[PDB]
file start.cif (mmCIF, C-alpha atoms and all ligand atoms)
data_model
#
loop_
_atom_site.group_PDB
_atom_site.id
_atom_site.type_symbol
_atom_site.label_atom_id
_atom_site.label_comp_id
_atom_site.auth_asym_id
_atom_site.auth_seq_id
_atom_site.Cartn_x
_atom_site.Cartn_y
_atom_site.Cartn_z
ATOM 1 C CA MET W 1 2.569 -27.287 -12.203
ATOM 2 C CA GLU W 2 0.430 -30.131 -13.555
ATOM 3 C CA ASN W 3 -1.783 -27.618 -15.377
ATOM 4 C CA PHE W 4 -0.289 -24.228 -14.507
ATOM 5 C CA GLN W 5 2.627 -22.122 -15.704
ATOM 6 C CA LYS W 6 3.774 -19.526 -13.175
ATOM 7 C CA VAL W 7 3.883 -16.067 -14.735
ATOM 8 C CA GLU W 8 5.306 -14.379 -11.632
ATOM 9 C CA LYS W 9 5.107 -14.015 -7.855
ATOM 10 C CA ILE W 10 2.265 -11.739 -6.769
ATOM 11 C CA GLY W 11 3.485 -11.787 -3.184
ATOM 12 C CA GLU W 12 3.333 -13.679 0.093
ATOM 13 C CA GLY W 13 -0.185 -13.793 1.526
ATOM 14 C CA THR W 14 -1.111 -14.440 5.150
ATOM 15 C CA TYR W 15 -1.612 -18.086 4.192
ATOM 16 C CA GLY W 16 1.200 -18.647 1.719
ATOM 17 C CA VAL W 17 2.930 -17.569 -1.470
ATOM 18 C CA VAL W 18 0.745 -16.338 -4.327
ATOM 19 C CA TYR W 19 1.600 -16.593 -8.014
ATOM 20 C CA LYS W 20 -0.008 -15.206 -11.128
ATOM 21 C CA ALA W 21 -0.368 -18.318 -13.249
ATOM 22 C CA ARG W 22 -1.807 -19.404 -16.573
ATOM 23 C CA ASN W 23 -3.916 -22.514 -16.986
ATOM 24 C CA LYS W 24 -1.978 -24.295 -19.742
ATOM 25 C CA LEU W 25 -5.210 -25.832 -21.075
ATOM 26 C CA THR W 26 -7.751 -22.995 -20.854
ATOM 27 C CA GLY W 27 -5.173 -20.233 -21.203
ATOM 28 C CA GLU W 28 -6.937 -18.616 -18.253
ATOM 29 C CA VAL W 29 -4.804 -16.301 -16.089
ATOM 30 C CA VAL W 30 -5.438 -16.791 -12.372
ATOM 31 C CA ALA W 31 -4.006 -16.143 -8.918
ATOM 32 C CA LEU W 32 -2.687 -19.371 -7.415
ATOM 33 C CA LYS W 33 -2.246 -19.412 -3.669
ATOM 34 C CA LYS W 34 -0.228 -22.199 -2.048
ATOM 35 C CA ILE W 35 -1.638 -22.801 1.430
ATOM 36 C CA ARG W 36 0.729 -23.267 4.376
ATOM 37 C CA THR W 41 1.591 -27.137 7.880
ATOM 38 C CA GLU W 42 1.675 -30.930 8.177
ATOM 39 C CA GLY W 43 -1.685 -32.649 7.797
ATOM 40 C CA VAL W 44 -4.239 -30.396 6.090
ATOM 41 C CA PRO W 45 -7.512 -30.538 8.112
ATOM 42 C CA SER W 46 -10.378 -32.282 6.325
ATOM 43 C CA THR W 47 -12.759 -29.836 7.996
ATOM 44 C CA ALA W 48 -10.865 -26.989 6.336
ATOM 45 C CA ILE W 49 -11.197 -28.450 2.841
ATOM 46 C CA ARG W 50 -14.957 -28.907 3.254
ATOM 47 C CA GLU W 51 -15.394 -25.340 4.488
ATOM 48 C CA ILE W 52 -13.248 -23.875 1.716
ATOM 49 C CA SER W 53 -15.063 -25.979 -0.876
ATOM 50 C CA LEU W 54 -18.334 -24.364 0.225
ATOM 51 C CA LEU W 55 -16.919 -20.957 -0.715
ATOM 52 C CA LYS W 56 -16.720 -22.017 -4.376
ATOM 53 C CA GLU W 57 -20.482 -21.392 -4.419
ATOM 54 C CA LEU W 58 -20.167 -17.881 -2.968
ATOM 55 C CA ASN W 59 -20.403 -15.960 -6.263
ATOM 56 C CA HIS W 60 -21.081 -12.199 -6.477
ATOM 57 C CA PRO W 61 -19.683 -9.444 -8.753
ATOM 58 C CA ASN W 62 -17.884 -7.808 -5.822
ATOM 59 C CA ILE W 63 -16.347 -10.989 -4.448
ATOM 60 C CA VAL W 64 -13.161 -12.469 -5.934
ATOM 61 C CA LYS W 65 -14.251 -15.808 -7.412
ATOM 62 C CA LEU W 66 -12.762 -18.926 -5.848
ATOM 63 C CA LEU W 67 -12.317 -21.000 -9.013
ATOM 64 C CA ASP W 68 -10.902 -24.152 -7.477
ATOM 65 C CA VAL W 69 -9.758 -25.854 -4.307
ATOM 66 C CA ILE W 70 -6.994 -28.238 -5.315
ATOM 67 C CA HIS W 71 -6.061 -30.881 -2.797
ATOM 68 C CA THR W 72 -3.346 -33.061 -4.359
ATOM 69 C CA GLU W 73 -0.036 -34.458 -3.055
ATOM 70 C CA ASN W 74 -1.479 -33.595 0.347
ATOM 71 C CA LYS W 75 -0.948 -29.951 -0.604
ATOM 72 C CA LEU W 76 -3.628 -27.248 -0.806
ATOM 73 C CA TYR W 77 -3.813 -24.657 -3.570
ATOM 74 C CA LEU W 78 -6.540 -22.080 -3.964
ATOM 75 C CA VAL W 79 -7.195 -20.824 -7.488
ATOM 76 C CA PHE W 80 -8.808 -17.383 -7.637
ATOM 77 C CA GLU W 81 -9.915 -15.125 -10.451
ATOM 78 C CA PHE W 82 -7.140 -12.631 -11.234
ATOM 79 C CA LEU W 83 -7.341 -8.834 -10.871
ATOM 80 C CA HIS W 84 -4.461 -6.525 -11.761
ATOM 81 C CA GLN W 85 -4.175 -4.254 -8.750
ATOM 82 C CA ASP W 86 -5.068 -3.997 -5.078
ATOM 83 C CA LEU W 87 -6.441 -0.931 -3.271
ATOM 84 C CA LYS W 88 -3.331 -0.509 -1.144
ATOM 85 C CA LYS W 89 -1.206 0.053 -4.251
ATOM 86 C CA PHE W 90 -3.917 2.247 -5.822
ATOM 87 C CA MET W 91 -4.113 4.430 -2.723
ATOM 88 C CA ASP W 92 -0.329 4.847 -2.728
ATOM 89 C CA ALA W 93 -0.411 5.757 -6.413
ATOM 90 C CA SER W 94 -3.184 8.274 -5.696
ATOM 91 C CA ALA W 95 -1.398 9.792 -2.683
ATOM 92 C CA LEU W 96 -0.543 13.123 -4.353
ATOM 93 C CA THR W 97 -4.024 14.083 -5.511
ATOM 94 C CA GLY W 98 -6.190 11.621 -3.622
ATOM 95 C CA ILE W 99 -8.858 9.272 -4.940
ATOM 96 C CA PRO W 100 -11.763 11.413 -6.180
ATOM 97 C CA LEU W 101 -14.843 11.339 -3.914
ATOM 98 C CA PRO W 102 -17.056 9.840 -6.616
ATOM 99 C CA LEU W 103 -14.701 6.865 -6.924
ATOM 100 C CA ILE W 104 -14.310 6.510 -3.155
ATOM 101 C CA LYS W 105 -18.103 6.418 -2.921
ATOM 102 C CA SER W 106 -18.403 3.918 -5.775
ATOM 103 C CA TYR W 107 -15.839 1.636 -4.160
ATOM 104 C CA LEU W 108 -17.440 1.861 -0.713
ATOM 105 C CA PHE W 109 -20.880 1.144 -2.206
ATOM 106 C CA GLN W 110 -19.586 -1.909 -4.093
ATOM 107 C CA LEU W 111 -17.708 -3.233 -1.061
ATOM 108 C CA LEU W 112 -20.867 -2.902 1.037
ATOM 109 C CA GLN W 113 -22.824 -4.853 -1.601
ATOM 110 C CA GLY W 114 -20.164 -7.541 -1.407
ATOM 111 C CA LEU W 115 -20.330 -7.628 2.391
ATOM 112 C CA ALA W 116 -24.158 -7.627 2.370
ATOM 113 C CA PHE W 117 -24.062 -10.685 0.102
ATOM 114 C CA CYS W 118 -21.470 -12.548 2.183
ATOM 115 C CA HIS W 119 -23.160 -11.712 5.465
ATOM 116 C CA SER W 120 -26.557 -12.836 4.181
ATOM 117 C CA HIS W 121 -24.899 -16.189 3.397
ATOM 118 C CA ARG W 122 -23.346 -16.275 6.877
ATOM 119 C CA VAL W 123 -19.788 -15.797 5.636
ATOM 120 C CA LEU W 124 -17.511 -13.308 7.407
ATOM 121 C CA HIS W 125 -14.174 -12.003 6.171
ATOM 122 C CA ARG W 126 -12.521 -11.066 9.519
ATOM 123 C CA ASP W 127 -9.351 -9.615 7.995
ATOM 124 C CA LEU W 128 -10.348 -6.918 5.527
ATOM 125 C CA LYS W 129 -7.542 -4.545 4.555
ATOM 126 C CA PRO W 130 -6.660 -2.494 1.466
ATOM 127 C CA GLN W 131 -4.387 -5.282 0.211
ATOM 128 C CA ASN W 132 -7.303 -7.736 -0.094
ATOM 129 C CA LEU W 133 -9.527 -5.314 -2.022
ATOM 130 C CA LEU W 134 -8.849 -5.822 -5.720
ATOM 131 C CA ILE W 135 -9.697 -3.496 -8.580
ATOM 132 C CA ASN W 136 -9.865 -3.620 -12.367
ATOM 133 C CA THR W 137 -9.962 -1.106 -15.214
ATOM 134 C CA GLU W 138 -13.782 -1.173 -15.402
ATOM 135 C CA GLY W 139 -14.280 0.576 -12.077
ATOM 136 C CA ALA W 140 -15.071 -2.584 -10.143
ATOM 137 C CA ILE W 141 -13.646 -3.464 -6.735
ATOM 138 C CA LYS W 142 -13.895 -6.930 -5.179
ATOM 139 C CA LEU W 143 -13.323 -8.477 -1.761
ATOM 140 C CA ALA W 144 -10.664 -11.181 -1.676
ATOM 141 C CA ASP W 145 -10.310 -13.967 0.893
ATOM 142 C CA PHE W 146 -13.820 -14.050 2.367
ATOM 143 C CA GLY W 147 -14.325 -17.039 4.661
ATOM 144 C CA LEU W 148 -10.695 -18.170 4.769
ATOM 145 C CA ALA W 149 -10.150 -16.980 8.347
ATOM 146 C CA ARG W 150 -12.929 -19.199 9.712
ATOM 147 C CA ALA W 151 -12.071 -22.174 7.484
ATOM 148 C CA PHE W 152 -8.347 -22.000 8.306
ATOM 149 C CA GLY W 153 -8.872 -20.968 11.923
ATOM 150 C CA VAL W 154 -6.299 -18.759 13.648
ATOM 151 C CA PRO W 155 -4.124 -16.768 11.188
ATOM 152 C CA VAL W 156 -0.932 -16.306 13.235
ATOM 153 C CA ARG W 157 1.487 -15.468 10.412
ATOM 154 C CA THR W 158 1.894 -15.749 6.644
ATOM 155 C CA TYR W 159 4.538 -18.486 6.420
ATOM 156 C CA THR W 160 7.717 -16.400 6.384
ATOM 157 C CA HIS W 161 7.722 -14.392 9.629
ATOM 158 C CA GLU W 162 5.692 -11.458 8.290
ATOM 159 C CA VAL W 163 4.181 -8.963 10.753
ATOM 160 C CA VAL W 164 0.367 -8.978 10.778
ATOM 161 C CA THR W 165 -1.324 -5.608 10.256
ATOM 162 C CA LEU W 166 -3.693 -4.717 13.084
ATOM 163 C CA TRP W 167 -4.822 -1.393 11.657
ATOM 164 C CA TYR W 168 -8.256 -2.626 10.614
ATOM 165 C CA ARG W 169 -9.085 -4.836 13.606
ATOM 166 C CA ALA W 170 -12.389 -4.173 15.371
ATOM 167 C CA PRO W 171 -12.164 -3.327 19.089
ATOM 168 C CA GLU W 172 -14.086 -6.421 20.210
ATOM 169 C CA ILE W 173 -11.354 -8.581 18.601
ATOM 170 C CA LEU W 174 -8.614 -6.553 20.323
ATOM 171 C CA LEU W 175 -10.470 -6.905 23.632
ATOM 172 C CA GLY W 176 -10.358 -10.679 23.251
ATOM 173 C CA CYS W 177 -13.867 -11.618 22.183
ATOM 174 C CA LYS W 178 -13.891 -15.210 21.001
ATOM 175 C CA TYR W 179 -16.939 -14.910 18.751
ATOM 176 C CA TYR W 180 -16.775 -12.697 15.667
ATOM 177 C CA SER W 181 -19.893 -11.147 14.177
ATOM 178 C CA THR W 182 -20.570 -9.502 10.824
ATOM 179 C CA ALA W 183 -19.813 -6.208 12.564
ATOM 180 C CA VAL W 184 -16.069 -6.814 12.479
ATOM 181 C CA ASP W 185 -16.144 -6.403 8.690
ATOM 182 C CA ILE W 186 -18.107 -3.163 8.858
ATOM 183 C CA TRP W 187 -15.470 -1.809 11.273
ATOM 184 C CA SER W 188 -12.616 -2.716 8.916
ATOM 185 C CA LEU W 189 -14.413 -1.165 5.956
ATOM 186 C CA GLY W 190 -15.023 1.992 7.977
ATOM 187 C CA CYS W 191 -11.290 2.233 8.667
ATOM 188 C CA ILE W 192 -10.590 1.774 4.950
ATOM 189 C CA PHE W 193 -13.182 4.388 3.943
ATOM 190 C CA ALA W 194 -11.474 6.888 6.305
ATOM 191 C CA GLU W 195 -8.049 6.045 4.847
ATOM 192 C CA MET W 196 -9.252 6.590 1.269
ATOM 193 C CA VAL W 197 -10.600 10.018 2.272
ATOM 194 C CA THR W 198 -7.683 11.342 4.328
ATOM 195 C CA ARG W 199 -4.861 9.425 2.610
ATOM 196 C CA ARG W 200 -3.518 8.268 5.974
ATOM 197 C CA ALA W 201 -4.363 5.119 7.961
ATOM 198 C CA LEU W 202 -6.968 5.909 10.623
ATOM 199 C CA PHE W 203 -5.521 3.722 13.410
ATOM 200 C CA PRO W 204 -1.970 2.640 12.502
ATOM 201 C CA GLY W 205 -1.179 0.634 15.639
ATOM 202 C CA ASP W 206 2.141 -1.196 15.915
ATOM 203 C CA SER W 207 1.033 -3.616 18.655
ATOM 204 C CA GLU W 208 -2.294 -4.894 19.942
ATOM 205 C CA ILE W 209 -2.304 -2.405 22.815
ATOM 206 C CA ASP W 210 -1.086 0.504 20.676
ATOM 207 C CA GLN W 211 -3.907 -0.355 18.251
ATOM 208 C CA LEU W 212 -6.496 -0.370 21.020
ATOM 209 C CA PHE W 213 -5.215 2.865 22.533
ATOM 210 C CA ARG W 214 -5.097 4.647 19.160
ATOM 211 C CA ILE W 215 -8.787 3.772 18.779
ATOM 212 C CA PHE W 216 -9.509 4.955 22.326
ATOM 213 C CA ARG W 217 -7.626 8.227 21.841
ATOM 214 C CA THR W 218 -9.779 9.031 18.838
ATOM 215 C CA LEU W 219 -13.194 7.607 19.669
ATOM 216 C CA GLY W 220 -12.878 7.906 23.451
ATOM 217 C CA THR W 221 -12.233 5.081 25.916
ATOM 218 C CA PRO W 222 -15.384 2.933 25.781
ATOM 219 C CA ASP W 223 -17.581 2.547 28.838
ATOM 220 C CA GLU W 224 -20.770 0.721 29.807
ATOM 221 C CA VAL W 225 -22.913 3.582 28.512
ATOM 222 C CA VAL W 226 -21.828 3.415 24.873
ATOM 223 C CA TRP W 227 -20.819 -0.252 24.973
ATOM 224 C CA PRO W 228 -22.866 -2.355 27.421
ATOM 225 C CA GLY W 229 -20.729 -5.265 28.556
ATOM 226 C CA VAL W 230 -17.359 -3.820 27.529
ATOM 227 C CA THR W 231 -15.909 -3.927 31.046
ATOM 228 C CA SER W 232 -16.464 -7.700 31.153
ATOM 229 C CA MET W 233 -14.562 -8.364 27.922
ATOM 230 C CA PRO W 234 -11.703 -10.893 28.266
ATOM 231 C CA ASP W 235 -8.843 -8.444 27.849
ATOM 232 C CA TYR W 236 -10.514 -5.340 29.247
ATOM 233 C CA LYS W 237 -8.525 -3.763 32.108
ATOM 234 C CA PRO W 238 -9.989 -1.183 34.514
ATOM 235 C CA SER W 239 -6.538 0.395 34.282
ATOM 236 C CA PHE W 240 -7.042 1.526 30.668
ATOM 237 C CA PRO W 241 -6.530 5.298 30.451
ATOM 238 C CA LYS W 242 -9.729 7.270 29.944
ATOM 239 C CA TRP W 243 -9.512 9.456 26.856
ATOM 240 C CA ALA W 244 -12.234 11.819 25.702
ATOM 241 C CA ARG W 245 -13.806 11.291 22.290
ATOM 242 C CA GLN W 246 -12.699 13.524 19.411
ATOM 243 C CA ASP W 247 -15.013 15.099 16.822
ATOM 244 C CA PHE W 248 -15.340 13.347 13.451
ATOM 245 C CA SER W 249 -14.890 16.724 11.823
ATOM 246 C CA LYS W 250 -11.288 16.523 13.016
ATOM 247 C CA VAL W 251 -10.780 12.829 12.186
ATOM 248 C CA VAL W 252 -11.721 12.680 8.490
ATOM 249 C CA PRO W 253 -11.604 16.230 7.182
ATOM 250 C CA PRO W 254 -12.854 17.477 4.788
ATOM 251 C CA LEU W 255 -15.474 14.710 4.406
ATOM 252 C CA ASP W 256 -19.056 16.049 4.353
ATOM 253 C CA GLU W 257 -21.714 15.342 6.990
ATOM 254 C CA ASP W 258 -23.268 12.492 4.972
ATOM 255 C CA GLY W 259 -19.893 10.761 4.890
ATOM 256 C CA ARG W 260 -19.116 11.531 8.538
ATOM 257 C CA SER W 261 -22.548 10.269 9.559
ATOM 258 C CA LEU W 262 -22.076 6.941 7.767
ATOM 259 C CA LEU W 263 -18.509 6.527 9.054
ATOM 260 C CA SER W 264 -19.653 7.196 12.613
ATOM 261 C CA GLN W 265 -22.213 4.394 12.253
ATOM 262 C CA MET W 266 -19.594 2.009 10.887
ATOM 263 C CA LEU W 267 -17.325 2.811 13.841
ATOM 264 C CA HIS W 268 -19.750 2.416 16.737
ATOM 265 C CA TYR W 269 -18.005 0.587 19.599
ATOM 266 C CA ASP W 270 -20.874 -1.801 20.352
ATOM 267 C CA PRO W 271 -20.881 -4.368 17.518
ATOM 268 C CA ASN W 272 -24.650 -4.527 17.942
ATOM 269 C CA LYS W 273 -25.036 -0.804 17.335
ATOM 270 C CA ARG W 274 -22.684 -0.814 14.325
ATOM 271 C CA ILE W 275 -24.570 -0.389 11.053
ATOM 272 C CA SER W 276 -25.122 -3.457 8.873
ATOM 273 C CA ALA W 277 -23.888 -3.579 5.280
ATOM 274 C CA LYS W 278 -27.528 -3.677 4.081
ATOM 275 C CA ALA W 279 -28.501 -0.624 6.119
ATOM 276 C CA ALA W 280 -25.347 1.257 5.087
ATOM 277 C CA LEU W 281 -26.314 0.862 1.422
ATOM 278 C CA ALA W 282 -29.456 2.884 2.163
ATOM 279 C CA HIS W 283 -27.551 5.733 3.848
ATOM 280 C CA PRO W 284 -28.055 9.228 2.309
ATOM 281 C CA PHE W 285 -24.321 9.288 1.520
ATOM 282 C CA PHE W 286 -25.099 7.069 -1.483
ATOM 283 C CA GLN W 287 -27.899 9.196 -2.906
ATOM 284 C CA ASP W 288 -25.639 10.343 -5.740
ATOM 285 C CA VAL W 289 -23.429 7.273 -6.156
ATOM 286 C CA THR W 290 -22.111 6.482 -9.649
ATOM 287 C CA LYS W 291 -19.516 4.151 -11.145
ATOM 288 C CA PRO W 292 -16.480 6.154 -12.375
ATOM 289 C CA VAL W 293 -13.561 4.783 -14.408
ATOM 290 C CA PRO W 294 -10.342 4.791 -12.379
ATOM 291 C CA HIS W 295 -7.016 5.968 -13.793
ATOM 292 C CA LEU W 296 -5.213 2.667 -13.526
ATOM 293 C CA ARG W 297 -1.619 2.249 -14.659
ATOM 294 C CA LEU W 298 -0.703 -1.417 -15.070
HETATM 295 N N1 LIG F 301 0.752 -8.375 -0.321
HETATM 296 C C1 LIG F 301 -0.628 -8.486 -0.723
HETATM 297 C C2 LIG F 301 -0.742 -8.303 -2.234
HETATM 298 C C3 LIG F 301 -2.155 -8.659 -2.681
HETATM 299 N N2 LIG F 301 -2.181 -10.059 -3.177
HETATM 300 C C4 LIG F 301 -2.972 -10.440 -4.129
HETATM 301 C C5 LIG F 301 -3.198 -9.589 -5.244
HETATM 302 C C6 LIG F 301 -4.066 -9.973 -6.325
HETATM 303 N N3 LIG F 301 -4.258 -9.175 -7.345
HETATM 304 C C7 LIG F 301 -3.752 -7.770 -7.420
HETATM 305 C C8 LIG F 301 -2.315 -7.727 -7.901
HETATM 306 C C9 LIG F 301 -1.885 -8.467 -9.036
HETATM 307 C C10 LIG F 301 -0.532 -8.407 -9.457
HETATM 308 C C11 LIG F 301 0.351 -7.600 -8.718
HETATM 309 N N4 LIG F 301 -0.038 -6.869 -7.610
HETATM 310 C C12 LIG F 301 -1.358 -6.947 -7.224
HETATM 311 C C13 LIG F 301 -4.723 -11.253 -6.272
HETATM 312 C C14 LIG F 301 -5.579 -11.681 -7.283
HETATM 313 N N5 LIG F 301 -6.631 -12.511 -6.994
HETATM 314 O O1 LIG F 301 -5.423 -11.318 -8.428
HETATM 315 C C15 LIG F 301 -4.493 -12.110 -5.147
HETATM 316 C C16 LIG F 301 -3.625 -11.720 -4.074
HETATM 317 N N6 LIG F 301 -3.447 -12.520 -3.084
HETATM 318 O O2 LIG F 301 -3.520 -13.825 -3.261
HETATM 319 O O3 LIG F 301 -3.195 -12.060 -1.873
#

call {"tool": "encode", "arguments": {"input": "start.cif", "output": "structure tokens", "more": "lines below"}}
Ligand SMILES: NCCCNc1cc(NCc2cccnc2)c(C(N)=O)cc1[N+](=O)[O-]
result
Amino acid sequence: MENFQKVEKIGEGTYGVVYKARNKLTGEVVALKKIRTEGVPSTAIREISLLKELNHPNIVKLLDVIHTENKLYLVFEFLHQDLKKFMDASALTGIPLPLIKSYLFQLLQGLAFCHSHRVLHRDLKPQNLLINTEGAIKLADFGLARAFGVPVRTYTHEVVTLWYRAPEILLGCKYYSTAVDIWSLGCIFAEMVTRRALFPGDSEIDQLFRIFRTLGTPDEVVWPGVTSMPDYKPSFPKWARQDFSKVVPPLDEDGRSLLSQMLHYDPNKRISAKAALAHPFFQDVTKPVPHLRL
């Protein structure tokens, strides 16, 4: 690199390969993401550039947008671990409730900030939630979905995870709202509590039906306009809704109440990040130190 020295490969993001790199001049350690095809839209670079101003303690800082050699690299602040790996490492005993609550609270603050600035994530998942030794958790990749349009695939035939997709997206809605992020975060909250993905679909229809089997097949009563959605089919099976007490045991009523509001079918009824922060579930929130092995 002209100013970077690759330390190692962090992985292969939905946009391209990601490396942990050191700025040879500043000595700064960062995450360098090479963006995937043949042209590089000028509209995309302007949009991404705007995100460099989106700074919040719970949002992974976009340090630079490098457009050279007709190639696009995104330089992000570096964090040592993602929530997916932390959840796997905490599988035996589970993440303690105080830490789950702290993380959810911080993620909601991050979403509230992004949403107030009209920036949506659209693809929240445990792998894009990064944590450090101080007890902080940050959202990574906000705004990239809109700026880079349709995701499709990473760049090396890697299957996209649908587990956190809101139902309006699965039903073919063309216009995303802030509510899609609240849905994803609700799914993540449930997974941290139970230690199992809430809706682990292996196809778009399996994803939709797993949601329906748990929350009940939506109808015009709970979701006005659902039967007119692009991919809605009158032939969808009609499943009865299950009780939250069975879905995320042994979470308490404050937690179940909040989760239920984050999982409302109607995006318009789904709780906002701002309103969620005021939920009684957070009355006793604190900021614990996680047991992180690096
Ligand atoms: N398959 C998805 C993996 C998540 N990928 C990422 C992980 C990160 N840090 C956590 C980490 C660091 C080193 C080893 N394992 C995890 C960072 C970052 N900003 O630091 C960026 C990305 N990313 O660009 O996607």

call {"tool": "residues_near_ligand", "arguments": {"input": "start.cif", "ligand": "ligand LIG 301 (chain F)", "cutoff": "6 Å", "atoms": "all atoms listed in the file", "output": "VMD selection string"}}
result
chain W and resid 10 to 13 18 31 33 80 to 86 131 to 132 134

call {"tool": "residues_around", "arguments": {"input": "start.cif", "residues": "residue W:2", "least_positions_apart": "2", "cutoff": "10 Å", "atoms": "only C-alpha atoms", "output": "list in words"}}
result
residues 4, 5, 23 and 24 of chain W

call {"tool": "resolve_selection", "arguments": {"input": "start.cif", "expression": "the PyMOL selection byres (((chain W and resi 140) around 12) and not hetatm)", "output": "PyMOL selection string"}}
result
chain W and resi 60-64+83-87+103-111+113-114+133-139+141-143+290-294+296

call {"tool": "closest_residue", "arguments": {"input": "start.cif", "among": "W:178, W:214, W:89, W:50", "to": "residue W:71", "atoms": "only C-alpha atoms"}}
result
W:50

call {"tool": "atom_distance", "arguments": {"input": "start.cif", "atom1": "atom CA of residue W:101", "atom2": "atom CA of residue W:197"}}
result
7.6 Å

call {"tool": "residues_around", "arguments": {"input": "start.cif", "residues": "residue W:70", "least_positions_apart": "4", "cutoff": "12 Å", "atoms": "all atoms listed in the file", "output": "list in words"}}
result
residues 1, 2, 3, 32, 33, 34, 35, 44, 49, 50, 52, 53, 56, 66, 74, 75, 76, 77, 78, 79 and 80 of chain W
